[PDB]
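Cβ sites come from the backbone with ideal geometry, for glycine too, and all protein chains shown count toward neighbours. Every number here is computed from the coordinates shown, using simple stated rules; none is lab data.
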Number of protein chains: 2
Amino acid sequence: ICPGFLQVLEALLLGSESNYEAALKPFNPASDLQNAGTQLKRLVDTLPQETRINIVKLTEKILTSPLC
Amino acid sequence: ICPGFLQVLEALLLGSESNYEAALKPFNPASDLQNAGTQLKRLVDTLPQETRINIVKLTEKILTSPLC
Ligand SMILES: CS(=O)(=O)c1cc(Cl)c(-c2cc(Cl)c(S(C)(=O)=O)cc2Cl)cc1Cl
């Protein structure tokens, strides 16, 4: 799952549209499910710039939190 | 990283607030980084109900996509 998911990590924060949904193509998200992923991208293109590098530089401290 | 991250998966979609930030406590997200995680929760409490079970039932089809 690590590999199949980054194309969405960028299409989500480092993307704007077309790459996020097209990135979900290989995942063939259910109907509504995909719908939620589309808006998921909007919320990303609706925040400032620091909030962008933040959730991107934040999801790492929450998931891949270095240190112990 | 699989384990340390679900407390946020629920605090994010199955949560509203306090559990999401408090869930990031153990991850000690940087300053702004955490800021982005706070709004991250708002965007979740700002969508309908199907969009909620969707991104939750969607992030699985994108990441843990069954089948091949
Ligand atoms: C399935 S999806 O593509 O619609 C999706 C939706 C969300 Cl909310 C996140 C997400 C997940 C988390 Cl945990 C955070 S955070 C690092 O702010 O908690 C931010 C975001 Cl945008 C990630 C993805 Cl890939």
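Here are the numbers for this structure:
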{"quantity": "Pairs with Cβ under 7 Å, 6+ apart, first in region B:1-20 and free of Cβ contacts under 8 Å to residues at least 60 places away in the same chain, second part of a loop (DSSP other than H, G, I, E, B) and not hydrophobic (A, V, I, L, M, F, W, C)", "calculated": "B:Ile1/A:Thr64; B:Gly4/A:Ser65; B:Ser16/B:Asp45"}
{"quantity": "Exclusive hit being under 14 Å from B:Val44 (Cβ atoms), hydrophobic (A, V, I, L, M, F, W, C), outside any helix (DSSP H, G or I) and facing chain B (nearest Cβ under 7 Å), set A:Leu40, A:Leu47", "calculated": "A:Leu47"}
{"quantity": "Number of the condition not met by A:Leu24 [criteria: (1) more than 8 Å from chain B (Cβ to nearest Cβ); (2) in contact (Cβ under 8 Å) with a residue 12 or more places away in the chain; (3) farther than 20 Å from B:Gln39 by Cβ]", "calculated": "(1)"}
{"quantity": "Residue identified as facing chain B (nearest Cβ under 7 Å), in contact (Cβ under 8 Å) with a residue 12 or more places away in the chain and crowded, with 16+ Cβ neighbours inside 10 Å among A:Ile55, A:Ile62", "calculated": "A:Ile55"}
